[PDB]
């Protein structure tokens, strides 16, 4: 897998998944609004809080932290690929050619319903993200020996990482076990992923994915020592079915480590 991800094209990935039609946030019934809604509602309970937060396998995207950022002053983003960390860098620093997340920022504010403008939202995220670190979920210490990341983190977020980097269910489990070591007992995990997906494209790259189900995902969380607080499923409409992948649905999990 690590070899496959070496042809991964960030801009082709952003294009396939975060631009229209999937990047069209105008329809409430799309996968974008659904993801933002899950994240916004969860943080809106006020039960997920702290000082440090780590986003696992960020890739070139930031949407997964728009709702999160107002609850954690220290945010660490991560990814296996230098090209992704670079892409993240262009947006954090407002550099030339950065990807435009404004629609997602706008929708987050919309959905959070606190009358916040999207510039203040993006400003808070940029400010609270302290670092972008290399990571490998396959290592027992996914970050490494001495990472500048405050550990253990008060909360974890990861979207479309585990299943996308694991050849099978048992790898998925280990990878979960690994990243779980980074989470303080009682802390929270917000996990988003693909359901029953085997592949997706990212330019010239063809990534293999392990097809998992809601039940497999739940059972895996329990095994890692989590209490499943919430687990929802989004079924992928035909209109969002292109040739870029074969995802059947998307899951959202809010798990609390029972340490």
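Numbering follows the first chain given and starts at 1. For the two forms, the rigid core is made up of the largest set of C-alpha atoms that agree within 1.5 Å on superposition.
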Exercise. Going by root mean square C-alpha distance after a core fit, say whether 92 to 100 or 133 to 141 is farther from the shown form in 9 other deposited structures of this protein.
Key: 92 to 100
Quiz item: Following superposition on the rigid core, is the mean squared CA displacement, expressed as RMS, greater for 66 to 74 or for 204 to 212 in 9 other deposited structures of this protein?
Solution: 204 to 212
Quiz item: 45 to 53 versus 24 to 32: which one carries the higher mean Cα B factor per the record?
Solution: 45 to 53
Quiz item: Averaged over C-alpha atoms, is the B-factor higher for 130 to 138 or for 144 to 152 in this PDB entry?
Solution: 144 to 152
Quiz prompt | Top residue by Cα temperature factor, when 158, 105, 100, 86 are compared in the entry | solution = 86
Quiz item: So where's residue 211 on the chain's Cα temperature factor ranking, which third?
Solution: middle
Self-check item: Assigned third (lowest, middle, highest) for the C-alpha B factor of residue 71
Solution: middle
Exercise. Comparing against every modelled residue in the chain, figure out the third that the C-alpha B-factor of residue 255 lands in (lowest, middle or highest).
Key: middle
Quiz prompt | For residue 110, the third of its chain into which the C-alpha B factor falls | solution = lowest
Quiz item: Lowest, middle or highest third: where is residue 119 by C-alpha B factor in its chain?
Solution: lowest
